[PDB]
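Enquirer: As input, take target_29.cif (mmCIF, C-alpha atoms and all ligand atoms):
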data_protein
loop_
_atom_site.label_atom_id
_atom_site.label_comp_id
_atom_site.auth_asym_id
_atom_site.auth_seq_id
_atom_site.Cartn_x
_atom_site.Cartn_y
_atom_site.Cartn_z
CA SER A 7 0.00 0.00 0.00
CA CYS A 8 2.98 2.42 -0.52
CA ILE A 9 2.79 5.63 -2.65
CA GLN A 10 5.72 6.32 -4.99
CA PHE A 11 7.48 9.60 -5.94
CA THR A 12 8.27 9.24 -9.69
CA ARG A 13 11.17 11.74 -9.77
CA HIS A 14 12.88 10.53 -6.54
CA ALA A 15 15.59 8.24 -8.13
CA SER A 16 16.48 10.92 -10.75
CA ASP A 17 16.66 13.64 -7.99
CA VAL A 18 18.92 11.37 -5.85
CA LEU A 19 21.29 10.79 -8.83
CA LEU A 20 21.32 14.54 -9.68
CA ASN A 21 22.38 15.28 -6.04
CA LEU A 22 25.05 12.52 -6.11
CA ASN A 23 26.47 14.16 -9.29
CA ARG A 24 26.44 17.61 -7.50
CA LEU A 25 28.47 16.01 -4.67
CA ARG A 26 30.88 14.54 -7.27
CA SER A 27 31.31 17.94 -9.05
CA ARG A 28 32.18 19.61 -5.68
CA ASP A 29 34.36 16.62 -4.62
CA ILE A 30 32.18 16.01 -1.51
CA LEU A 31 32.60 12.63 0.28
CA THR A 32 34.45 11.07 -2.70
CA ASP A 33 36.33 8.10 -1.24
CA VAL A 34 38.29 6.67 -4.18
CA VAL A 35 40.59 7.72 -7.05
CA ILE A 36 40.36 5.62 -10.24
CA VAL A 37 43.67 5.81 -12.17
CA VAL A 38 43.43 5.32 -15.98
CA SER A 39 46.72 5.68 -17.99
CA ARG A 40 47.97 8.40 -15.48
CA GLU A 41 44.56 10.29 -15.62
CA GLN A 42 42.80 10.42 -12.20
CA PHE A 43 39.03 10.31 -11.53
CA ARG A 44 37.53 10.88 -8.07
CA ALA A 45 34.21 9.17 -7.30
CA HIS A 46 31.99 7.50 -4.70
CA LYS A 47 32.62 3.74 -4.29
CA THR A 48 28.84 3.10 -3.78
CA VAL A 49 27.89 4.77 -7.11
CA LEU A 50 30.67 2.87 -8.96
CA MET A 51 29.40 -0.44 -7.47
CA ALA A 52 25.75 0.42 -8.30
CA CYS A 53 26.68 0.96 -12.00
CA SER A 54 29.46 -1.53 -12.69
CA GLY A 55 29.85 -5.29 -12.22
CA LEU A 56 33.64 -4.80 -12.08
CA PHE A 57 33.51 -2.16 -9.26
CA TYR A 58 30.86 -4.21 -7.45
CA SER A 59 33.30 -7.20 -7.38
CA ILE A 60 36.28 -4.94 -6.38
CA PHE A 61 34.65 -3.09 -3.48
CA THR A 62 32.96 -6.26 -2.01
CA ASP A 63 36.44 -7.81 -1.75
CA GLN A 64 37.57 -7.75 1.93
CA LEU A 65 41.03 -6.31 0.99
CA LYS A 66 40.18 -4.03 -1.97
CA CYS A 67 37.14 -2.41 -0.19
CA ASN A 68 39.75 -0.46 1.88
CA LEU A 69 41.82 0.89 -1.03
CA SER A 70 41.72 4.65 -1.74
CA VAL A 71 43.35 4.14 -5.20
CA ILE A 72 42.29 1.64 -7.96
CA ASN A 73 44.45 1.31 -11.11
CA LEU A 74 42.62 0.10 -14.21
CA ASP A 75 44.11 -2.10 -16.99
CA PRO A 76 46.58 -0.02 -19.19
CA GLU A 77 44.47 -0.82 -22.35
CA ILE A 78 41.61 1.29 -20.89
CA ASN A 79 41.24 4.64 -22.65
CA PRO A 80 40.82 7.62 -20.20
CA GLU A 81 38.25 9.37 -22.47
CA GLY A 82 36.15 6.16 -22.67
CA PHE A 83 36.28 5.94 -18.86
CA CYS A 84 35.34 9.64 -18.43
CA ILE A 85 32.25 9.19 -20.72
CA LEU A 86 31.17 6.12 -18.69
CA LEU A 87 31.76 7.84 -15.33
CA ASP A 88 29.56 10.75 -16.58
CA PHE A 89 26.88 8.16 -17.61
CA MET A 90 26.99 6.55 -14.12
CA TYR A 91 26.14 9.88 -12.44
CA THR A 92 23.68 11.28 -15.04
CA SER A 93 22.05 8.40 -17.12
CA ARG A 94 23.37 10.28 -20.24
CA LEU A 95 25.86 8.64 -22.57
CA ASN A 96 27.91 10.85 -24.94
CA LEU A 97 28.20 8.23 -27.71
CA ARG A 98 29.90 9.46 -30.92
CA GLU A 99 31.38 7.78 -34.05
CA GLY A 100 34.88 8.73 -32.83
CA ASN A 101 34.49 7.26 -29.33
CA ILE A 102 32.07 4.28 -29.75
CA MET A 103 34.84 1.61 -29.97
CA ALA A 104 36.65 2.94 -26.82
CA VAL A 105 33.28 3.33 -24.96
CA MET A 106 32.15 -0.26 -25.81
CA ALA A 107 35.55 -1.77 -24.83
CA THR A 108 35.57 0.18 -21.50
CA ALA A 109 31.90 -0.81 -20.78
CA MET A 110 32.73 -4.51 -21.47
CA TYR A 111 35.67 -4.26 -18.99
CA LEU A 112 33.54 -2.37 -16.42
CA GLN A 113 30.67 -4.91 -16.92
CA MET A 114 27.99 -2.27 -17.74
CA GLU A 115 25.63 -4.53 -19.74
CA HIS A 116 23.09 -1.88 -20.92
CA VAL A 117 25.89 0.34 -22.34
CA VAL A 118 27.50 -2.68 -24.15
CA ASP A 119 24.03 -3.49 -25.68
CA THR A 120 23.44 0.05 -27.10
CA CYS A 121 27.06 0.21 -28.47
CA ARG A 122 26.57 -3.18 -30.23
CA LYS A 123 23.26 -1.89 -31.76
CA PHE A 124 24.78 1.47 -32.90
CA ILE A 125 27.82 -0.36 -34.46
CA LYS A 126 25.50 -2.91 -36.21
CA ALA A 127 23.49 0.02 -37.75
CA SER A 128 26.70 1.54 -39.32
CA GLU A 129 27.91 -1.67 -41.11
CA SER B 7 23.80 14.97 -28.43
CA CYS B 8 23.75 12.39 -25.54
CA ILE B 9 21.42 9.32 -25.45
CA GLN B 10 19.70 8.56 -22.13
CA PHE B 11 18.93 5.23 -20.38
CA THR B 12 15.45 5.73 -18.80
CA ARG B 13 15.81 3.06 -16.09
CA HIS B 14 19.40 3.98 -15.03
CA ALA B 15 18.56 6.17 -11.93
CA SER B 16 16.00 3.58 -10.65
CA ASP B 17 18.56 0.72 -11.20
CA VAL B 18 21.26 2.72 -9.32
CA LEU B 19 18.89 3.30 -6.35
CA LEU B 20 17.82 -0.39 -6.34
CA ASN B 21 21.55 -1.40 -6.11
CA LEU B 22 22.21 1.18 -3.35
CA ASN B 23 19.29 -0.37 -1.38
CA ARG B 24 20.81 -3.90 -1.97
CA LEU B 25 24.10 -2.59 -0.49
CA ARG B 26 22.15 -1.14 2.48
CA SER B 27 20.28 -4.46 3.09
CA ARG B 28 23.64 -6.36 3.15
CA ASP B 29 25.32 -3.58 5.22
CA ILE B 30 27.95 -2.99 2.46
CA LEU B 31 29.99 0.25 2.67
CA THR B 32 27.57 1.85 5.19
CA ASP B 33 29.58 4.61 6.88
CA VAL B 34 27.21 6.06 9.48
CA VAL B 35 24.81 5.01 12.28
CA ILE B 36 21.79 7.29 12.83
CA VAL B 37 20.57 6.98 16.46
CA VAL B 38 16.84 7.69 17.04
CA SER B 39 15.54 7.22 20.67
CA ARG B 40 18.06 4.30 21.22
CA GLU B 41 17.10 2.65 17.81
CA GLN B 42 20.06 2.45 15.38
CA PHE B 43 19.95 2.77 11.56
CA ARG B 44 22.98 2.11 9.33
CA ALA B 45 23.16 4.00 6.02
CA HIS B 46 25.34 5.67 3.39
CA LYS B 47 26.12 9.36 4.12
CA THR B 48 25.87 10.21 0.36
CA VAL B 49 22.32 8.78 0.04
CA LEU B 50 21.21 10.59 3.25
CA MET B 51 22.62 13.89 1.86
CA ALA B 52 20.99 13.32 -1.57
CA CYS B 53 17.54 12.91 0.09
CA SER B 54 17.61 15.25 3.08
CA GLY B 55 18.39 18.94 3.55
CA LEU B 56 19.28 18.20 7.20
CA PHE B 57 21.84 15.43 6.34
CA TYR B 58 23.18 17.55 3.48
CA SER B 59 23.95 20.37 6.01
CA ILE B 60 25.40 17.87 8.59
CA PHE B 61 27.77 15.99 6.29
CA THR B 62 29.06 19.17 4.50
CA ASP B 63 30.14 20.48 7.92
CA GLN B 64 33.96 20.15 8.25
CA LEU B 65 33.66 18.54 11.75
CA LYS B 66 30.45 16.48 11.42
CA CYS B 67 31.45 14.97 7.99
CA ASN B 68 33.89 12.75 10.00
CA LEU B 69 31.39 11.42 12.56
CA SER B 70 30.43 7.72 12.42
CA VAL B 71 27.42 8.31 14.77
CA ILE B 72 24.67 11.01 14.45
CA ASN B 73 22.07 11.37 17.23
CA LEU B 74 18.73 12.85 16.16
CA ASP B 75 16.47 15.09 18.32
CA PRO B 76 14.70 12.98 21.07
CA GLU B 77 11.24 14.08 19.73
CA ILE B 78 11.93 12.08 16.52
CA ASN B 79 9.92 8.86 16.35
CA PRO B 80 12.03 5.78 15.27
CA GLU B 81 9.17 4.33 13.14
CA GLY B 82 8.74 7.68 11.30
CA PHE B 83 12.51 7.68 10.65
CA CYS B 84 12.49 4.04 9.44
CA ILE B 85 9.64 4.81 6.93
CA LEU B 86 11.60 7.83 5.61
CA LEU B 87 14.90 5.90 5.38
CA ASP B 88 13.04 3.21 3.35
CA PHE B 89 11.64 6.01 1.08
CA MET B 90 15.17 7.43 0.54
CA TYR B 91 16.43 4.08 -0.82
CA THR B 92 13.29 2.98 -2.75
CA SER B 93 11.11 6.07 -3.75
CA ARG B 94 8.21 4.27 -1.90
CA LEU B 95 6.55 5.87 1.11
CA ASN B 96 4.52 3.65 3.49
CA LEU B 97 2.05 6.39 4.49
CA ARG B 98 -0.81 5.22 6.76
CA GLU B 99 -3.46 6.97 8.95
CA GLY B 100 -1.60 5.72 12.07
CA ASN B 101 1.83 7.04 11.03
CA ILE B 102 1.12 10.19 8.91
CA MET B 103 1.64 12.68 11.80
CA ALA B 104 5.00 11.07 12.83
CA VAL B 105 6.10 10.80 9.14
CA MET B 106 5.27 14.50 8.40
CA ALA B 107 7.03 15.73 11.59
CA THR B 108 10.16 13.61 10.81
CA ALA B 109 10.17 14.79 7.12
CA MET B 110 9.91 18.46 8.27
CA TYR B 111 12.91 17.90 10.61
CA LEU B 112 14.86 16.02 7.89
CA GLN B 113 13.95 18.76 5.33
CA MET B 114 12.42 16.35 2.74
CA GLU B 115 10.13 18.86 0.98
CA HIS B 116 8.28 16.44 -1.39
CA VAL B 117 7.32 14.12 1.53
CA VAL B 118 6.09 17.13 3.63
CA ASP B 119 3.93 18.23 0.61
CA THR B 120 2.19 14.82 0.15
CA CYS B 121 1.59 14.50 3.96
CA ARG B 122 -0.01 18.00 4.03
CA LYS B 123 -2.27 17.01 1.06
CA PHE B 124 -3.29 13.63 2.60
CA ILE B 125 -4.06 15.33 5.99
CA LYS B 126 -6.09 18.12 4.23
CA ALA B 127 -8.20 15.40 2.44
CA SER B 128 -9.17 13.76 5.82
CA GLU B 129 -10.46 16.98 7.54
CA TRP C 1 3.20 10.78 -6.39
CA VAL C 2 1.57 7.64 -7.93
CA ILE C 3 0.13 4.22 -6.97
CA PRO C 4 3.11 1.97 -8.03
CA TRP D 1 17.53 4.35 -24.53
CA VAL D 2 15.89 7.66 -25.63
CA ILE D 3 16.75 11.12 -27.05
CA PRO D 4 16.48 13.23 -23.81
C1 LIG A 201 23.91 -8.36 -8.63
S1 LIG A 201 23.49 -7.81 -6.97
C2 LIG A 201 24.17 -6.20 -6.76
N1 LIG A 201 23.95 -5.64 -5.53
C3 LIG A 201 24.49 -4.42 -5.34
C4 LIG A 201 25.24 -3.78 -6.34
CL1 LIG A 201 25.92 -2.31 -5.98
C5 LIG A 201 25.41 -4.44 -7.60
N2 LIG A 201 25.97 -3.84 -8.68
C6 LIG A 201 26.22 -4.40 -9.95
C7 LIG A 201 26.48 -5.75 -10.26
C8 LIG A 201 26.53 -6.23 -11.58
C9 LIG A 201 26.26 -5.31 -12.60
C10 LIG A 201 25.94 -3.95 -12.32
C11 LIG A 201 25.90 -3.48 -11.02
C12 LIG A 201 25.68 -3.23 -13.61
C13 LIG A 201 25.86 -4.35 -14.66
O1 LIG A 201 25.70 -4.30 -15.87
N3 LIG A 201 26.22 -5.54 -13.98
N4 LIG A 201 24.83 -5.66 -7.78
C1 LIG A 202 20.86 22.20 -2.83
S1 LIG A 202 22.36 21.59 -3.62
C2 LIG A 202 22.60 19.94 -3.09
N1 LIG A 202 23.72 19.33 -3.59
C3 LIG A 202 23.94 18.06 -3.16
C4 LIG A 202 23.08 17.43 -2.26
CL1 LIG A 202 23.48 15.91 -1.75
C5 LIG A 202 21.93 18.14 -1.80
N2 LIG A 202 20.95 17.57 -1.05
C6 LIG A 202 19.79 18.18 -0.51
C7 LIG A 202 19.64 19.52 -0.12
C8 LIG A 202 18.39 20.06 0.23
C9 LIG A 202 17.27 19.22 0.13
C10 LIG A 202 17.39 17.87 -0.30
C11 LIG A 202 18.62 17.33 -0.64
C12 LIG A 202 16.04 17.24 -0.33
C13 LIG A 202 15.12 18.40 0.13
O1 LIG A 202 13.90 18.42 0.22
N3 LIG A 202 15.93 19.52 0.40
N4 LIG A 202 21.70 19.41 -2.25
CL CL A 203 45.31 2.81 -1.25
CL CL A 204 24.84 -0.04 -17.90
CL CL A 205 31.77 9.30 15.92
CL CL A 206 11.47 14.34 -0.42
#
Take the structure in the file and write it out as structure tokens.

Expert:
Amino acid sequence: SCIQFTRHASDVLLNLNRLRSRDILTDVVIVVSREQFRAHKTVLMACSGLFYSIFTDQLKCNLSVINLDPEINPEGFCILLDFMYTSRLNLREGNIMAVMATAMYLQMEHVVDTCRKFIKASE
Amino acid sequence: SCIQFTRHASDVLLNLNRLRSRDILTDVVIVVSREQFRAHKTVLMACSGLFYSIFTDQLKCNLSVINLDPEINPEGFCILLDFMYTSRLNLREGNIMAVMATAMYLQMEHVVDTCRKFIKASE
Amino acid sequence: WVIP
Amino acid sequence: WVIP
């Protein structure tokens, strides 16, 4: 018998992004080919199967720095980190291959699916 | 020119609630008349004007325990904490006064608005 | 607000 | 996915 506020989840995510933009309560640095990205562990886990596995590990849950595989493109990561906090994906012809590869590595199934569909349409 | 994934914010919130239910990466205990509630500071801040003010304070941001005003009803708090993580509010005739008072204290404007409307309909 |  |  609950009532539901339609815009609540979107409003929560918008506020989480405002905290990210002001660097409030960020608790991890993700290092990608020397580029550094500050974020909230909980948001990373909520969006990515890879981060979910990393931060539920009894040793890794306590790390303040996570280094990604050197094949990971920093721009591809940046686009995906923006998607995690906003639901918006900046997918372009010039970045689609790097975005799909990073999303496969991060285990972000819905992003991988739309990249596969957009690539299939271009062939 | 971004594309948007409609269900992303809802999916993020659902995963944050799964982390709460398994007590993963909770970083604060909220004490309400001896009852204790574990949660994520970022989610509390994203939902409440009161928690936003508390955890942006240079001294309070570092506290692992927050004690609420003794007038705050633990059931009212529990219903609001469930709303924060799910967008669902368990509003009933028997709890509406305690829910509205707790939401006014927590500065959760949309909850206060629906409580005022539901109370106005009963008079 | 809606009935979910 | 949609055009926002
Ligand atoms: C599976 S239970 C669960 N509970 C809590 C969290 Cl924080 C979580 N995240 C997560 C796991 C796997 C995947 C994603 C998020 C996105 C994706 O495509 N795959 N999962
Ligand atoms: C105002 S900028 C901002 N930036 C980040 C966060 Cl985490 C935040 N939360 C917050 C502030 C006020 C209120 C709420 C949340 C819910 C409500 O009814 N009032 N606000
Ligand atoms: Cl470290
Ligand atoms: Cl995804
Ligand atoms: Cl403390
Ligand atoms: Cl609210």

Enquirer: Hand me chain B as it sits after a least-squares fit onto chain A over every Cα, paired in order, written as a PDB file with C-alpha atoms, in the frame of the given file.

Expert:
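Written file, part_17.pdb:
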ATOM      1  CA  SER B   7       0.000  -0.002  -0.003  1.00  0.00           C
ATOM      2  CA  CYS B   8       2.978   2.421  -0.524  1.00  0.00           C
ATOM      3  CA  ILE B   9       2.783   5.627  -2.656  1.00  0.00           C
ATOM      4  CA  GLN B  10       5.718   6.321  -4.994  1.00  0.00           C
ATOM      5  CA  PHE B  11       7.483   9.598  -5.939  1.00  0.00           C
ATOM      6  CA  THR B  12       8.273   9.243  -9.694  1.00  0.00           C
ATOM      7  CA  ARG B  13      11.166  11.738  -9.773  1.00  0.00           C
ATOM      8  CA  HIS B  14      12.884  10.533  -6.539  1.00  0.00           C
ATOM      9  CA  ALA B  15      15.594   8.242  -8.126  1.00  0.00           C
ATOM     10  CA  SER B  16      16.483  10.922 -10.758  1.00  0.00           C
ATOM     11  CA  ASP B  17      16.660  13.635  -7.993  1.00  0.00           C
ATOM     12  CA  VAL B  18      18.924  11.368  -5.858  1.00  0.00           C
ATOM     13  CA  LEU B  19      21.296  10.788  -8.826  1.00  0.00           C
ATOM     14  CA  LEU B  20      21.324  14.534  -9.680  1.00  0.00           C
ATOM     15  CA  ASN B  21      22.385  15.287  -6.034  1.00  0.00           C
ATOM     16  CA  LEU B  22      25.049  12.528  -6.105  1.00  0.00           C
ATOM     17  CA  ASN B  23      26.469  14.159  -9.288  1.00  0.00           C
ATOM     18  CA  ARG B  24      26.436  17.609  -7.495  1.00  0.00           C
ATOM     19  CA  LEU B  25      28.476  16.012  -4.663  1.00  0.00           C
ATOM     20  CA  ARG B  26      30.878  14.538  -7.268  1.00  0.00           C
ATOM     21  CA  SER B  27      31.302  17.936  -9.047  1.00  0.00           C
ATOM     22  CA  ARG B  28      32.179  19.608  -5.680  1.00  0.00           C
ATOM     23  CA  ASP B  29      34.367  16.620  -4.621  1.00  0.00           C
ATOM     24  CA  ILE B  30      32.178  16.007  -1.504  1.00  0.00           C
ATOM     25  CA  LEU B  31      32.595  12.635   0.273  1.00  0.00           C
ATOM     26  CA  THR B  32      34.451  11.065  -2.703  1.00  0.00           C
ATOM     27  CA  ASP B  33      36.337   8.096  -1.241  1.00  0.00           C
ATOM     28  CA  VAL B  34      38.292   6.668  -4.177  1.00  0.00           C
ATOM     29  CA  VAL B  35      40.597   7.723  -7.054  1.00  0.00           C
ATOM     30  CA  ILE B  36      40.361   5.618 -10.237  1.00  0.00           C
ATOM     31  CA  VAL B  37      43.673   5.816 -12.175  1.00  0.00           C
ATOM     32  CA  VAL B  38      43.422   5.320 -15.976  1.00  0.00           C
ATOM     33  CA  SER B  39      46.727   5.682 -17.984  1.00  0.00           C
ATOM     34  CA  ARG B  40      47.975   8.400 -15.486  1.00  0.00           C
ATOM     35  CA  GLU B  41      44.554  10.285 -15.620  1.00  0.00           C
ATOM     36  CA  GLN B  42      42.807  10.420 -12.209  1.00  0.00           C
ATOM     37  CA  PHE B  43      39.034  10.308 -11.530  1.00  0.00           C
ATOM     38  CA  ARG B  44      37.526  10.886  -8.068  1.00  0.00           C
ATOM     39  CA  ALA B  45      34.210   9.165  -7.296  1.00  0.00           C
ATOM     40  CA  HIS B  46      31.985   7.497  -4.702  1.00  0.00           C
ATOM     41  CA  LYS B  47      32.620   3.731  -4.288  1.00  0.00           C
ATOM     42  CA  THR B  48      28.842   3.098  -3.786  1.00  0.00           C
ATOM     43  CA  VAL B  49      27.888   4.770  -7.109  1.00  0.00           C
ATOM     44  CA  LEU B  50      30.675   2.870  -8.962  1.00  0.00           C
ATOM     45  CA  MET B  51      29.396  -0.437  -7.467  1.00  0.00           C
ATOM     46  CA  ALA B  52      25.747   0.416  -8.307  1.00  0.00           C
ATOM     47  CA  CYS B  53      26.681   0.961 -12.002  1.00  0.00           C
ATOM     48  CA  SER B  54      29.463  -1.532 -12.686  1.00  0.00           C
ATOM     49  CA  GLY B  55      29.844  -5.284 -12.216  1.00  0.00           C
ATOM     50  CA  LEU B  56      33.639  -4.796 -12.076  1.00  0.00           C
ATOM     51  CA  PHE B  57      33.508  -2.156  -9.251  1.00  0.00           C
ATOM     52  CA  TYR B  58      30.856  -4.206  -7.453  1.00  0.00           C
ATOM     53  CA  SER B  59      33.302  -7.199  -7.381  1.00  0.00           C
ATOM     54  CA  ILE B  60      36.283  -4.937  -6.377  1.00  0.00           C
ATOM     55  CA  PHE B  61      34.649  -3.096  -3.481  1.00  0.00           C
ATOM     56  CA  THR B  62      32.962  -6.255  -2.012  1.00  0.00           C
ATOM     57  CA  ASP B  63      36.440  -7.810  -1.745  1.00  0.00           C
ATOM     58  CA  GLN B  64      37.573  -7.746   1.932  1.00  0.00           C
ATOM     59  CA  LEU B  65      41.032  -6.306   0.987  1.00  0.00           C
ATOM     60  CA  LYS B  66      40.180  -4.027  -1.969  1.00  0.00           C
ATOM     61  CA  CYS B  67      37.136  -2.408  -0.192  1.00  0.00           C
ATOM     62  CA  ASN B  68      39.747  -0.459   1.884  1.00  0.00           C
ATOM     63  CA  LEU B  69      41.815   0.894  -1.025  1.00  0.00           C
ATOM     64  CA  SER B  70      41.720   4.651  -1.739  1.00  0.00           C
ATOM     65  CA  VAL B  71      43.353   4.135  -5.203  1.00  0.00           C
ATOM     66  CA  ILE B  72      42.297   1.639  -7.962  1.00  0.00           C
ATOM     67  CA  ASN B  73      44.450   1.303 -11.103  1.00  0.00           C
ATOM     68  CA  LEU B  74      42.619   0.101 -14.217  1.00  0.00           C
ATOM     69  CA  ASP B  75      44.115  -2.098 -16.995  1.00  0.00           C
ATOM     70  CA  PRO B  76      46.571  -0.025 -19.190  1.00  0.00           C
ATOM     71  CA  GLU B  77      44.476  -0.826 -22.344  1.00  0.00           C
ATOM     72  CA  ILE B  78      41.614   1.291 -20.890  1.00  0.00           C
ATOM     73  CA  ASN B  79      41.241   4.639 -22.648  1.00  0.00           C
ATOM     74  CA  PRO B  80      40.823   7.628 -20.199  1.00  0.00           C
ATOM     75  CA  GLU B  81      38.246   9.370 -22.468  1.00  0.00           C
ATOM     76  CA  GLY B  82      36.144   6.156 -22.676  1.00  0.00           C
ATOM     77  CA  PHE B  83      36.289   5.945 -18.859  1.00  0.00           C
ATOM     78  CA  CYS B  84      35.340   9.638 -18.433  1.00  0.00           C
ATOM     79  CA  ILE B  85      32.250   9.187 -20.728  1.00  0.00           C
ATOM     80  CA  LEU B  86      31.171   6.119 -18.696  1.00  0.00           C
ATOM     81  CA  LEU B  87      31.754   7.841 -15.324  1.00  0.00           C
ATOM     82  CA  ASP B  88      29.562  10.748 -16.572  1.00  0.00           C
ATOM     83  CA  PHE B  89      26.875   8.168 -17.609  1.00  0.00           C
ATOM     84  CA  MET B  90      26.985   6.552 -14.123  1.00  0.00           C
ATOM     85  CA  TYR B  91      26.136   9.880 -12.432  1.00  0.00           C
ATOM     86  CA  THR B  92      23.673  11.281 -15.033  1.00  0.00           C
ATOM     87  CA  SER B  93      22.046   8.396 -17.113  1.00  0.00           C
ATOM     88  CA  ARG B  94      23.369  10.281 -20.239  1.00  0.00           C
ATOM     89  CA  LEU B  95      25.861   8.636 -22.577  1.00  0.00           C
ATOM     90  CA  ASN B  96      27.908  10.855 -24.942  1.00  0.00           C
ATOM     91  CA  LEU B  97      28.196   8.232 -27.708  1.00  0.00           C
ATOM     92  CA  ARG B  98      29.897   9.465 -30.916  1.00  0.00           C
ATOM     93  CA  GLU B  99      31.373   7.778 -34.055  1.00  0.00           C
ATOM     94  CA  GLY B 100      34.885   8.739 -32.829  1.00  0.00           C
ATOM     95  CA  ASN B 101      34.493   7.256 -29.332  1.00  0.00           C
ATOM     96  CA  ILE B 102      32.072   4.274 -29.744  1.00  0.00           C
ATOM     97  CA  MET B 103      34.840   1.607 -29.975  1.00  0.00           C
ATOM     98  CA  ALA B 104      36.644   2.940 -26.827  1.00  0.00           C
ATOM     99  CA  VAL B 105      33.287   3.331 -24.963  1.00  0.00           C
ATOM    100  CA  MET B 106      32.153  -0.263 -25.812  1.00  0.00           C
ATOM    101  CA  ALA B 107      35.552  -1.770 -24.829  1.00  0.00           C
ATOM    102  CA  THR B 108      35.575   0.180 -21.498  1.00  0.00           C
ATOM    103  CA  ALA B 109      31.898  -0.803 -20.774  1.00  0.00           C
ATOM    104  CA  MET B 110      32.729  -4.504 -21.462  1.00  0.00           C
ATOM    105  CA  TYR B 111      35.670  -4.263 -18.996  1.00  0.00           C
ATOM    106  CA  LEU B 112      33.540  -2.373 -16.422  1.00  0.00           C
ATOM    107  CA  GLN B 113      30.675  -4.910 -16.916  1.00  0.00           C
ATOM    108  CA  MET B 114      27.986  -2.274 -17.738  1.00  0.00           C
ATOM    109  CA  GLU B 115      25.632  -4.534 -19.736  1.00  0.00           C
ATOM    110  CA  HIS B 116      23.092  -1.878 -20.916  1.00  0.00           C
ATOM    111  CA  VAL B 117      25.895   0.343 -22.346  1.00  0.00           C
ATOM    112  CA  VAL B 118      27.496  -2.687 -24.146  1.00  0.00           C
ATOM    113  CA  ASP B 119      24.029  -3.485 -25.677  1.00  0.00           C
ATOM    114  CA  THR B 120      23.442   0.050 -27.100  1.00  0.00           C
ATOM    115  CA  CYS B 121      27.058   0.208 -28.471  1.00  0.00           C
ATOM    116  CA  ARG B 122      26.568  -3.180 -30.231  1.00  0.00           C
ATOM    117  CA  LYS B 123      23.266  -1.891 -31.761  1.00  0.00           C
ATOM    118  CA  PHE B 124      24.777   1.463 -32.903  1.00  0.00           C
ATOM    119  CA  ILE B 125      27.817  -0.359 -34.457  1.00  0.00           C
ATOM    120  CA  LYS B 126      25.499  -2.915 -36.215  1.00  0.00           C
ATOM    121  CA  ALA B 127      23.491   0.026 -37.756  1.00  0.00           C
ATOM    122  CA  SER B 128      26.697   1.546 -39.327  1.00  0.00           C
ATOM    123  CA  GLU B 129      27.900  -1.670 -41.117  1.00  0.00           C
TER     124      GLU B 129
END

Enquirer: For chain B, which residues have at least one atom within 10 Å of chain D, if we go by all atoms listed in the file? Write them as a PyMOL selection string, please.

Expert: chain B and resi 7-14

Enquirer: List as an MDAnalysis selection string the protein and nucleic acid residues lying within 6 Å of ligand CL 206 (chain A), with all atoms listed in the file counted.

Expert: chainID B and resid 114:117

Enquirer: What is the distance, in Å and to one decimal place, between CA of residue 118 (chain B) and CA of residue 81 (chain B)?

Expert: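 Calculated distance between CA of residue 118 (chain B) and CA of residue 81 (chain B) is 16.2 Å.
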
Enquirer: Show me which residues sit within 9 Å of ligand CL 205 (chain A) when counting all atoms listed in the file, and put them as a PyMOL selection string.

Expert: chain B and resi 34-35+66+68-72

Enquirer: How many Å lie between CA of residue 75 (chain A) and CA of residue 97 (chain A), rounded to one decimal?

Expert: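 Separating CA of residue 75 (chain A) from CA of residue 97 (chain A) is a distance of 21.8 Å.
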